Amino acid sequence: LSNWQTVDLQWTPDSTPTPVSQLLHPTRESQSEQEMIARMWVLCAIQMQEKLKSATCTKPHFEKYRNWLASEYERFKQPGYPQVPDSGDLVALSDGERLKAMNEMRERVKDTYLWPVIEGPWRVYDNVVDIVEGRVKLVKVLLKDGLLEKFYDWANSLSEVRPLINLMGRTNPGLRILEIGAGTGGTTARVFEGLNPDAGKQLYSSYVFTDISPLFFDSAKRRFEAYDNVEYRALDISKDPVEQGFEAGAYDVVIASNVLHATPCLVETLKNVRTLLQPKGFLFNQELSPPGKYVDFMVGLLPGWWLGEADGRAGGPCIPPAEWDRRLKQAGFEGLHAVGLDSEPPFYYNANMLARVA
């Protein structure tokens, strides 16, 4: 990552490169909670094996998940499973003792920020048959009691991105910002804090909150009721934004957290982001590329997790920064500009990437 260690916005003659470590960095050491998470989803995954095998996988991708999960379960019975070196002892527990351990982990994290990342995998285990047999949707399962929003709050909690946002806003106090696939608003919430440093100071002219799904807009209008000059408009970034009613080149910063990898073709997606940006504009792209399989476990029951092979992403939709750099160059960006991980490698979750229009 040594070529992407500084940020130089070049929006005013004032511009001096700033070390990325002051602008995008981890908020804390996170190995304990990451190993708590890994431990939990490994326990659920073990507990799912017999349930999955007797279940009727009603769609091809449910079969892919069952097959994938069976192969990962074989990895638990080998030494040195990443972040779970005692995975073998978890396989060695009785079914009843494993249920006891899973419920102890839920009880431990109740009323903490870690609640969604422990409860989430439990719910996947607890509903898997109803899900693969087409009686309940995964997303509905994860929506209950606000878990999805709190889950994305957890992921965002690992990255400190407010100094970068603050620098952009102090540099351009009329910042025109658009966020792709803002969803529950986990990243929107951090970004506004960087744009609102003090009462009576708003370092942006306009925040366009977008998602492909307008179903998010009511709750996000509640969540961000305190902020002025926010719009809420649908947008599919896999398709031309101008034809969808957006103005080409009318934005200084485009924000995207863990949405771009959900699109079928990253280069076309990045070209659509570039269409929105002014000639000196920036994409700030927060994107998973952890080495472990917690995200595979959590969202593998969705058909979209199995796209990627026609887009050079056979192993799954998430790619590390070197791959983003490649595809940014193919889309008219200067490759990556700066990158900061939400943890010291190799056990990080999100790469926080800034890319400039070429």
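Numbering starts at 1 and runs along the sequence shown.
Enquirer: If you average the CA temperature factors as listed in the entry, which stretch comes out higher, 104-112 or 81-89?
Expert: Higher of the two, by average CA B-factor, is 104-112.
Enquirer: On average, are the C-alpha B-factors higher in 346-354 or in 18-26?
Expert: Per the PDB record, 18-26.
Enquirer: Which listed residue, 159, 285, 205, 71, has the largest C-alpha temperature factor in the record?
Expert: So the option with the highest C-alpha B-factor is 205.
Enquirer: Sort 181, 121, 200, 169 by C-alpha B-factor from the entry and give me just the highest.
Expert: Highest C-alpha B-factor among the listed options: 200.
Enquirer: Within this chain's modelled residues, let me know which third the CA B factor of residue 340 belongs to: lowest, middle or highest.
Expert: Answer is middle: the recorded C-alpha B-factor places it there.
Enquirer: Once the chain's modelled residues are ordered by C-alpha B factor and cut into thirds, is residue 329 in the lowest, middle or highest one?
Expert: As the PDB entry reports it, the C-alpha B-factor of residue 329 lands in the highest third of its chain.
Enquirer: Lowest, middle or highest third of the chain for the C-alpha temperature factor of residue 254?
Expert: For residue 254, the deposited C-alpha B-factor lands in the lowest third.
Enquirer: What third of the chain, by the recorded C-alpha B-factor, contains residue 223?
Expert: As the PDB entry reports it, the C-alpha B-factor of residue 223 lands in the middle third of its chain.
Enquirer: Looking at the temperature factor on the CA atom of residue 65, which third of the chain's modelled residues does it land in?
Expert: Residue 65: CA B-factor falls in the middle third of its chain.
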